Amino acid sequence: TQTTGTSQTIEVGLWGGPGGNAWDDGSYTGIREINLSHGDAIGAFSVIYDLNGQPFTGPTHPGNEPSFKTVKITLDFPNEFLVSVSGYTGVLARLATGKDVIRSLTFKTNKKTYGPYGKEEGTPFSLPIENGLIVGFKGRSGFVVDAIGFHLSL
């Protein structure tokens, strides 16, 4: 029985801490580009999704670590897609929060591996995908990415 007008997708996560503010890009039809920043953790994180064959700029999550290395991951959409996302969660001492944040991220597509970005220190996590696609990102962000999760769909 349908009780709401908003469609849904499987959602896994979040991995990371309770700090920062929650955000959810929602779901689309695929991923075209990922723009992030990294240093001793992951700072900025924004995505260019595919929306029915055309690019759609997702909401930005710039964080607040201007010193970080900026990176643009341009996927050969639609032939290239993520088959795994992994990383590390843990406290970043200098933040003085005592809460876990995303210290590192690695993106593996059917074509190549991007990363590891940030610092691989803390507790690892990984989401290998055998069938289906990540069609959206969600998480929490403050000065850095506190947590991350994914929307999945066939």
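Numbering starts at 1 and follows the sequence shown.
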Practice prompt. Report the stretch with the higher mean CA temperature factor, choosing between 90-98 and 33-41 on the basis of the entry.
Written response: 90-98
Fill in: Third of chain Cα B-factors occupied by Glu121
highest
Worksheet item: Lowest, middle or highest third of the chain for the C-alpha temperature factor of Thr70?
Response: lowest
Worksheet entry | Among modelled residues of the same chain, the CA temperature factor third for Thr6 | middle
Item to complete: Consider only the C-alpha atoms of the modelled residues in this chain, order them by B-factor as the entry records it, and name the third containing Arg103: lowest, middle or highest.
Response: lowest
Item to complete: Pull the Cα B-factor of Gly136 out of the PDB entry and bin it into the chain's lowest, middle or highest third.
Response: lowest
